[PDB]
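Colleague: One structure, as structure tokens, below. Some questions next.
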Amino acid sequence: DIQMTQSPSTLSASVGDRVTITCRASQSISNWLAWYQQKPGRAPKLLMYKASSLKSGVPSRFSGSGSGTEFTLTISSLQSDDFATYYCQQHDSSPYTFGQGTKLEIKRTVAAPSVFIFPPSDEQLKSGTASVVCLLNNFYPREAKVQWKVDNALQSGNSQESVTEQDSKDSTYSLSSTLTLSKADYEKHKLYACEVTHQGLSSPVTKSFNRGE
Amino acid sequence: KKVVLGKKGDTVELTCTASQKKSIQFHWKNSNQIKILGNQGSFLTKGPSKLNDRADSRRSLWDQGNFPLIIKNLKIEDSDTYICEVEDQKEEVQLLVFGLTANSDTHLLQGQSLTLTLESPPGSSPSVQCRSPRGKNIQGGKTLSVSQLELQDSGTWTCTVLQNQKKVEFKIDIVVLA
Amino acid sequence: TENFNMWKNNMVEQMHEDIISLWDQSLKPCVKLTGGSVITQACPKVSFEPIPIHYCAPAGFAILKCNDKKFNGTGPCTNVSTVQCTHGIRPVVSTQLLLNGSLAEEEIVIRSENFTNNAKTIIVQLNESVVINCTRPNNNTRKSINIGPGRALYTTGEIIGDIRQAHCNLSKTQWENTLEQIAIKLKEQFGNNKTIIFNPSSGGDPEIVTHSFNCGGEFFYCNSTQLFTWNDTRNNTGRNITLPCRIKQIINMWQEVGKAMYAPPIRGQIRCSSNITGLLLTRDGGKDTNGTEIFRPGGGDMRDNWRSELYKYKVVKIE
Amino acid sequence: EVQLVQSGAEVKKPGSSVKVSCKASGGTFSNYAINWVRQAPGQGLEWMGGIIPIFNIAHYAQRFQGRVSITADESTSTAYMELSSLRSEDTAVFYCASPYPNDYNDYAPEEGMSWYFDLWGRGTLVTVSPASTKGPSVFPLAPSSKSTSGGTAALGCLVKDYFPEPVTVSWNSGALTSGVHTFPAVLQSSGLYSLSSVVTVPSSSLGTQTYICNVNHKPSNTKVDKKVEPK
Ligand SMILES: *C1O[C@H](CO)[C@@H](O)[C@H](O)[C@H]1NC(C)=O
Ligand SMILES: *[C@@H]1O[C@H](CO)[C@@H](O)[C@H](O)[C@H]1NC(C)=O
Ligand SMILES: *[C@@H]1O[C@H](CO)[C@@H](O)[C@H](O)[C@H]1NC(C)=O
Ligand SMILES: *[C@@H]1O[C@H](CO)[C@@H](O)[C@H](O)[C@H]1NC(C)=O
Ligand SMILES: *[C@@H]1O[C@H](CO)[C@@H](O)[C@H](O)[C@H]1NC(C)=O
Ligand SMILES: *[C@@H]1O[C@H](CO)[C@@H](O)[C@H](O)[C@H]1NC(C)=O
Ligand SMILES: *[C@@H]1O[C@H](CO)[C@@H](O)[C@H](O)[C@H]1NC(C)=O
Ligand SMILES: *[C@@H]1O[C@H](CO)[C@@H](O)[C@H](O)[C@H]1NC(C)=O
Ligand SMILES: *[C@@H]1O[C@H](CO)[C@@H](O)[C@H](O)[C@H]1NC(C)=O
Ligand SMILES: *[C@@H]1O[C@H](CO)[C@@H](O)[C@H](O)[C@H]1NC(C)=O
Ligand SMILES: *[C@@H]1O[C@H](CO)[C@@H](O)[C@H](O)[C@H]1NC(C)=O
Ligand SMILES: *[C@@H]1O[C@H](CO)[C@@H](O)[C@H](O)[C@H]1NC(C)=O
Ligand SMILES: *[C@@H]1O[C@H](CO)[C@@H](O)[C@H](O)[C@H]1NC(C)=O
Ligand SMILES: *[C@@H]1O[C@H](CO)[C@@H](O)[C@H](O)[C@H]1NC(C)=O
Ligand SMILES: *[C@@H]1O[C@H](CO)[C@@H](O)[C@H](O)[C@H]1NC(C)=O
Ligand SMILES: *[C@@H]1O[C@H](CO)[C@@H](O)[C@H](O)[C@H]1NC(C)=O
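For the protein sequence lines, the chains are C, B, A and D, in the order given. Numbers 1 to 213, taken from the authors' numbering, label the letters of the first sequence in order. Numbers 1 to 178, taken from the authors' numbering, label the letters of the second sequence in order. Numbers 90 to 125, 199 to 309, 312 to 322, 322A, 323 to 397, 400 to 403, 412 to 492, taken from the authors' numbering, label the letters of the third sequence in order. Numbers 1 to 52, 52A, 53 to 82, 82A to 82C, 83 to 100, 100A to 100M, 101 to 214, taken from the authors' numbering, label the letters of the fourth sequence in order.
Structure below.
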């Protein structure tokens, strides 16, 4: 069976800059490849088939090259309508395998992530469980691993991630993490935190709260 | 000579096996020794046979060395002695085709008689042996009729025709009402 | 003494497994169906052409050709000769008719494994090759261009005919005189008092019922009914026999048991002119059929196609 | 035109079965080779199975051998793909792709046979959750007195426990275009959802003006006019 691999995974690309994507196979598959674009929450659409042949109604800035094992997707100029994900399919033999995926994003100055915390109300705790929100507003790059430190004891379970894509405002990100423990595991503890790791702001500055006023 | 019983208007499957699990050239001839089915290499052939198109074979099993002969919708004239000349070591098999019916609507009144007329091939003498939902066995030969037909006889009857330690169970419907 | 046996030969099995190996490297199907499981793959069209072959014994062995007029095909020969390789042969995969092969110098020669066995095919080798012209016309696309003052030069491409439909041609006169010659050799084999009749194929897979073959990377199927209908007493004088054919995508593999599907025809024209070197026949007797024998087209096993051209050869050890 | 039409959004509790549809708007049906493709949330494309144009043969990937059955309905010109024995991991989107329908009577391409996907279904999301239709439980979120961000703080409206999707969290049909971050929904440990629609405004919005996060949910017609209240 054929294994596909793209490069790079993440792509901090600027505007207008000429960029090239790769895809390597597990065996010689001739010139039978295809490149797909897919915008967020939308069906993928074919641009390049036959490894390099363009299709009717496809822009000219897109250029497919290569054969055998190594392949490349090149783009001359770059507009604001080409920031999607790209997949390599291999229409050689079944089973048809696809690519890993490469997110083409925008680049800007390394924005300082914003640490902020939301106080959970009692209509939220006196109903089922407890809520804790360490919201990060406007930062960069996307790669910013968050850690959770409640009661000093390192957290290793009940923490979920949830980010948003890049907006057409200032190309920034926003995330939010939460805990899934009730008022029983709440009264038993009093100290909290959420130290996020990132090169933009090294020092683990954190915002938290204590039981009551 | 093996034997197989087949029901008029039904599919049957004559079998034929060579030693090793390999696909080799076979054939099927009747009493007059006429081609019915063969195989040129890995293709299927046919013959001038009466069942020119009613024959077939599961080509998937040819690779395992089993060369069937599947006859479907068979009448009665066809019941003969079939030969499977495979690689010199030919094999024979006898085909018998029986069938039963009534010469009166199965929706009978209480007491009336019901005459089951059987269709036998010109060769062997069948051995009829009916059985109600109750189980009252009646033995015959060419025909088999039931005298008193009670009300608790309603349901389905199993008239099994035996011949040569092999049998083919039938299924007739009987409705008695008044 | 040196006994020959063309039917229990081993070059025939060797060549068979080699010729199959050629195909499975120079002719890939868009999807093959064998052993239940199914594989589909891209299938770039290619111009496959029957390319001559010499059978060559390995280091230490020799092949033996028997050069006797009217050879049994089996049984001790007298005027034998040694070789190293066989004269070039064309590996024609075809049914009902053997093509582009060697012929008899003298008269027609019918050979069989068992004449009385009606389940055994009858290899009929001709002494005079009949020519067949098969071709898919370029009838289909209707292009044209408007020429005039102020006229730009575009081309209007629209297809109007069946891009899969072809036909072959045969000399009516040649073929008739050919059949009447085979019937002569048959009467001098089963009896002069016997009557001869040719009749179409009984039934079965498409490849057998209809004279199939490969030409230009495409698979033909030719309704050879006009060919084998002749009752001795039945385009009468000097015309041109023409039979219907069709390119198919879905063919049943001859290599093993199964089906395969290939890409649609290619643009342009597809033409092959070949020699009818011989025909694969088959007989059918049913406990004495009054006093008349019928003969149908056979074929389907490619060992037969090989055997027709390896009947004089025998490989042996030179100890 | 010549598009492909897919069926709506499916909600299934584990252990059931669902059969998705896919009609071919134009062309000729026998020319289509409809293959089904799966895409799990936050994951890449994955092939599943398809039919063979002039065979009726349907082949599937080894992963989905005895679980999927792809059928073709000639009468209505629709293709179906049923999925048996539903678990939680099969939550995904199922597109029906297909190489352009070239007329059977047409000279062969250079690819021989086109196994690339030209046409794509709009998308059919299939979520496997145990829970049934629940109303979006809205909760308040007030600003903090000890703010050290940059003068500007942040309020919000933490919508928790709802099902199914979607659920638009607009503010007065457009209260502000800056700082509004309507995060995506996530499945809790159970079978519900939880997003966090927040926004950043000047610290001078105590009582001069405050926005309301009007939360809707047409599938259960639940509405909420929760007014944001500071502290
Ligand atoms: C040959 O002659 C017979 C009549 O004697 C006729 O029925 C048959 O159709 C003719 N040709 C064949 C063998 O089909
Ligand atoms: C040709 O050889 C065969 C095989 O032995 C044998 O039947 C006979 O010698 C010849 N043919 C005839 C006329 O029977
Ligand atoms: C070989 O066989 C033929 C049989 O017809 C015989 O006539 C001929 O003399 C032989 N060859 C020679 C030249 O010895
Ligand atoms: C075809 O047959 C003719 C004799 O009619 C022969 O001269 C020619 O070489 C043959 N063509 C080939 C090479 O098969
Ligand atoms: C073909 O064989 C016959 C004898 O069967 C012979 O008379 C003839 O000369 C050969 N070829 C031709 C047509 O010259
Ligand atoms: C030739 O074929 C007949 C078919 O009836 C068979 O009976 C006979 O045994 C065969 N002869 C030989 C060579 O054994
Ligand atoms: C058939 O084709 C050949 C080769 O193209 C040509 O020489 C001949 O005139 C054509 N006519 C016949 C005899 O079929
Ligand atoms: C195409 O031309 C051939 C002769 O070259 C003819 O036999 C056939 O009928 C034609 N097909 C049509 C009508 O397009
Ligand atoms: C075959 O023969 C017919 C005779 O009318 C002729 O019209 C046709 O063009 C021939 N086919 C070819 C070109 O081989
Ligand atoms: C065969 O067909 C051609 C037309 O393609 C015709 O001109 C020729 O006379 C025919 N050949 C003969 C005489 O058999
Ligand atoms: C035909 O020849 C055979 C030779 O065995 C003979 O017995 C028979 O009487 C002949 N039939 C006719 C038509 O007289
Ligand atoms: C061959 O000839 C007979 C003559 O009676 C005919 O009935 C039969 O259909 C033909 N067989 C084939 C191959 O269809
Ligand atoms: C070719 O074969 C089919 C068999 O069904 C027959 O119906 C048709 O008439 C034949 N065509 C010819 C060559 O006349
Ligand atoms: C076949 O012969 C008949 C009888 O004259 C004739 O009508 C027809 O033109 C010939 N077919 C062709 C054109 O080959
Ligand atoms: C038969 O041989 C000739 C000459 O080599 C070749 O041109 C033709 O294509 C061959 N026919 C077949 C069966 O492909
Ligand atoms: C075939 O059988 C019939 C039986 O009535 C017989 O009269 C006839 O002469 C036979 N055919 C011939 C001419 O051999």
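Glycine is no exception: its CB is placed at the ideal position from the N, C-alpha and C atoms.
1. Comparing alpha-carbon positions, which option in D/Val169, D/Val20 and D/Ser161 lies nearest D/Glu81?
2. Give a single yes or no on whether A/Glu290 has its beta carbon closer than 8 Å to a heavy atom of ligand 5.
3. How many angstroms separate the CA atom of B/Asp153 from the CA atom of B/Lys142?
4. DSSP three-state call for A/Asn340: helix, strand or coil?
5. C/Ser159 by DSSP, collapsed to three states: which one?
6. Mind pulling the chain A residues with CB within less than 8 Å of B/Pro122?
7. With 16 other CB atoms within 10 Å as the buried threshold, where does A/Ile309 fall?
8. May I ask you to report which of helix, strand or coil DSSP gives B/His107?
9. For a quick check, are the C-beta atoms of D/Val67 and D/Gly49 less than 9 Å apart?
10. If the criterion is Cβ atoms closer than 9 Å, does the pair A/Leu226 and A/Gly472 meet it?
11. To the nearest angstrom, how far is it from the Cα of A/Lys460 to the Cα of B/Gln163?
12. Using the C-alpha atoms, what's the distance from D/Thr77 back to C/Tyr86?
13. Would you say A/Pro417 touches ligand 9, meaning its beta carbon is less than 8 Å from a heavy atom?
14. Can you find the residues in the same chain that come closer than 6 Å, C-beta to C-beta, to B/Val146, ignoring five residues on each side of it along the sequence?
15. Closest to C/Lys55 by C-alpha separation, out of D/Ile53, D/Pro41, D/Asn55 and D/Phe100M, would be which residue?
16. Kindly identify the DSSP beta-bridge partner or partners of C/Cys88.
17. Show which residues of chain D have a CB atom less than 7 Å away from the CB atom of A/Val430.
18. Within its chain, find whatever has a CB closer than 7 Å to the CB of D/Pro185; leave out the 5 residues flanking it on each side and keep chain order.
19. Taking 7 Å as the limit between beta carbons, can you name the residues of its chain near D/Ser179, skipping five residues before and five after?
20. Closer than 8 Å, Cβ to any Cβ of chain A: which residues of the segment 69 to 91 of chain B, in chain order?
21. When you check each C-beta in the segment 91 to 102 of chain C against every C-beta of chain D, which residues fall closer than 9 Å?
22. For the candidate residues A/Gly235, A/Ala281, A/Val120 and A/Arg480, whose alpha-carbon lies nearest to that of residue 180 of chain B?
23. Quick one: residues in its chain with C-beta nearer than 8 Å to the C-beta of C/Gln199, no 5 flanking neighbours on either side, listed in chain order?
24. Please tell me whether D/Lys12 and D/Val150 are closer than 9 Å, where the distance is taken between their beta carbons.
25. Pull up the DSSP beta-bridge partners for A/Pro417, would you.
26. Leaving aside the five residues before and after C/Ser12 along the sequence, list all residues of the same chain whose C-beta is less than 7 Å from its C-beta, in chain order.
27. Closer than 7 Å, Cβ to Cβ, to anything on chain D: give me those residues from the segment 128 to 157 of chain C, in chain order.
28. Evaluate contact between the segment 42 to 52 of chain B and the segment 7 to 19 of chain B, counting only Cβ atoms and requiring at least three cross-stretch pairs below 8 Å.
29. How would you list, in chain order, the residues of chain D whose beta-carbon sits under 8 Å from the beta-carbon of A/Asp325?
30. For D/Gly100H, would you say it is in contact with chain A, using Cβ-to-Cβ distances shorter than 9 Å as the test?
31. DSSP has C/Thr10 in a bridge; who is on the other side?
32. Taking 9 Å as the cut-off, decide whether the C-beta atoms of A/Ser291 and A/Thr396 are in contact.
33. Hey, could you find the ends of the alpha helix (DSSP H) A/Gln103 is sitting in?
34. In chain order, what residues of the same chain have a beta carbon less than 7 Å from the beta carbon of C/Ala84, not counting five sequence neighbours either side?
35. B/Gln129 bridges to which residues according to DSSP?
36. Closer than 8 Å to a non-hydrogen atom of ligand 8 - does that hold for the CB of A/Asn332?
Modeller: Let's see:
1. Comparing Cα-Cα distances from D/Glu81 to each of D/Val169, D/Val20 and D/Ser161, the minimum goes to D/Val20.
2. Flag set: Cβ of A/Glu290 near ligand 5.
3. Near 23 Å, if we compare the C-alpha coordinates of B/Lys142 and B/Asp153.
4. Three-state result, A/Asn340: helix.
5. Secondary structure of C/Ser159 (DSSP, three-state): coil.
6. Per Cβ cutoff of 8 Å: no residues; B/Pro122 is ~18 Å from chain A at best.
7. Exposed, since its Cβ has fewer than 16 Cβ neighbours within 10 Å.
8. It is a strand residue.
9. Contact flag set, yes.
10. Pairing A/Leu226 with A/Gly472 gives a Cβ-Cβ distance that is not under 9 Å.
11. The C-alpha of B/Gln163 is placed about 29 Å away from the C-alpha of A/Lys460.
12. So the alpha carbons of these two residues sit roughly 29 Å apart.
13. No, since every heavy atom of ligand 9 falls outside the 8 Å radius drawn around the Cβ of A/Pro417.
14. The residues are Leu114.
15. For the residues D/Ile53, D/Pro41, D/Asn55 and D/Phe100M, the minimum Cα distance to C/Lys55 belongs to D/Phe100M.
16. C/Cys88 is bridged to C/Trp35.
17. Simply none; closest approach about 17 Å.
18. So the qualifying residues of the chain are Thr135.
19. Excluding positions up to five away in sequence, the list reads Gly139, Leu141 and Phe166.
20. Flagged, chain order: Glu85.
21. So the close ones are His91, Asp92, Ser93, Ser94, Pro95, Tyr96, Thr97, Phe98, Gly99, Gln100 and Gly101.
22. The requested residue 180 of chain B is not part of the displayed model; chain B covers only 1 to 178.
23. Within the same chain, and ignoring the five residues on either side of C/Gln199 in sequence, the residues whose Cβ sits closer than 8 Å to its Cβ are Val110.
24. No.
25. In DSSP, A/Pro417 forms a bridge with A/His330.
26. Excluding positions up to five away in sequence, the list reads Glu105, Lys107 and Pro141.
27. Listed in sequence order: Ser131, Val133, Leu135 and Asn137.
28. Between the segment 42 to 52 of chain B and the segment 7 to 19 of chain B there are fewer than three inter-stretch CB-CB distances shorter than 8 Å, so the stretches are not counted as touching.
29. What A/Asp325 touches in chain D: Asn100A.
30. Yes, because at least one Cβ of chain A sits closer than 9 Å to the Cβ of D/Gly100H.
31. Beta-bridge annotation (DSSP): C/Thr10 is paired with C/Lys103.
32. In this structure, A/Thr396 does not lie closer than 9 Å to A/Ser291 by Cβ.
33. Per DSSP, the continuous alpha helix (DSSP H) segment holding A/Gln103 begins and ends at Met100 to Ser115.
34. Taking C-beta separations shorter than 7 Å and ignoring five residues to either side along the sequence, the partners of C/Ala84 in its chain run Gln37, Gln38, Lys39 and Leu104, following chain order.
35. Within the DSSP bridge table, the entry for B/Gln129 names B/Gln139 and B/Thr160 as partners.
36. Checking the Cβ of A/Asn332 against ligand 8 gives no.
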